[PDB]
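Just one chain follows, in the form deposited in one PDB entry, and it is written as C-alpha cells.
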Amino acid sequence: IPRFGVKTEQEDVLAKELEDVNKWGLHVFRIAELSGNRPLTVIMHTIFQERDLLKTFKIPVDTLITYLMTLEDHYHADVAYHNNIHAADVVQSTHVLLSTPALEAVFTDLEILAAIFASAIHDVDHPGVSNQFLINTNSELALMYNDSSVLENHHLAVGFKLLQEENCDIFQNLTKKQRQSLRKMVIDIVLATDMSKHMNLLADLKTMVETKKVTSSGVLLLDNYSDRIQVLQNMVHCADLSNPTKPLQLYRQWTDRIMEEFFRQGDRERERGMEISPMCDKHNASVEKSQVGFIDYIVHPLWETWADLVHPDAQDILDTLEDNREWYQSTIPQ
C-alpha cells in the first residue's frame, strides 16, 4: 500500500532520491538509509512500476513486495559488501544499461524481466567468503555443488526457492513457456557472474564488437539466443563490476566495503591456519594499488569493450572510470 513498497515518513526525501533511478550514480546508500534498509525492495518496486512490469506480467503488487522483502531479507546485513545494497545497486545499474540508446527496442519484456530479476538475486545469501574458502573447508555448499560455481549456483537456487514462500510467487501468472524461458535466461545470467567465466565472456564480447551489426534503426542486431543472452550476461556482469565507473564518492564507499569483507575473510583464514587469500591480509595490503590493478586488468578492459558495443552511449561512464583510476593512483603511498 505504501508509495514505495515500504513505510517511511521521510517519504518526501526518499521520493526525491528515487527520481534518479534512471541515472548512473543514484545515491543508493542514501536510499538505503531513507528506506529503513530496504534499498532492494524500493528500487526494484520503482523499476517494475517504471517499466510497467506488474501489468505486463500480471504481478499482484502485494506479491511483488512480499517477495522483494523476502529476497532482501536473505541478503546478510553483517556482510559489508555482498549485501542488499550491492544487490540494489546492481539492479539499478542493469536498469540503466538496459535503457541505453544502442539497445532500444532490442530486448523483449521477458528478457528485461530476466536481466533485472537475475540482478536482484545474483548474490542472495552470500556469506561474505569466496568459493575457494567454501571449498577448502569442505562446506556442505561445495559438496552439494561439486566445487563448481558454488556460490553462484546457490544464489540462483535461493532466489528461485523464495518464490515458494507465502504469497511470493511473482511469476504465478506467466505461461509455462514464459517461465521456462525466463528461468533459463536468469540461470545463464547469474552463472556468468562467476569471475572464473570473466575472460571467456570478455573474449566473446570483443568478438561480437568486431563483427558488430546494427539494424535499420540505430540499434544492435542480435539474431540468435546465443548472441542475445551473451549481451545480457555481459550487461549484468558489467553492472556487477560497475563500482569504479560511478561517482568517486560512491566508488570509495564500495572499495571500503569490499576491503572490509576481504580482510574479514583474511582474519578467518589466519585463525584456521589457512593460506590467506589475495588482498585479504590487513597486515599486508595495498588498497589503492589494488584498485588501480583491478581497473587496469579487469574493469577497464570490460567497460572499454562494452563502450564499443554501445558506442558512444557509455563514453561518460568510461571517462569517469579513468578519472577514478587516477585518483586511486594518486593516493598510493610512495
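A residue's number is simply how far along the shown sequence it sits, counting from 1. Shifts are known only where both forms have a C-alpha. In this text, the rigid core denotes the largest set of C-alpha atoms whose superposition between the two forms falls within 1.5 Å.
Just so it is clear, the following notes concern the form deposited in another entry, a form of the same protein that is not shown.
Fit the rigid core and compare the CA positions between the shown form and the other one: of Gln253, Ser217, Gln172, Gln132, just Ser217 moves by 2 angstroms or more. Superposition on the rigid core between the shown form and the other one places the CA atom of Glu19 less than 2 Å from its counterpart.
Fitting the two forms on the rigid core leaves the C-alpha of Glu9 displaced by at least 2 angstroms between the shown form and the other one. The rigid-core fit between the shown form and the other one yields the following 3+ residue runs with every Cα displaced by 2 Å or more: 1 to 9, 215 to 218.
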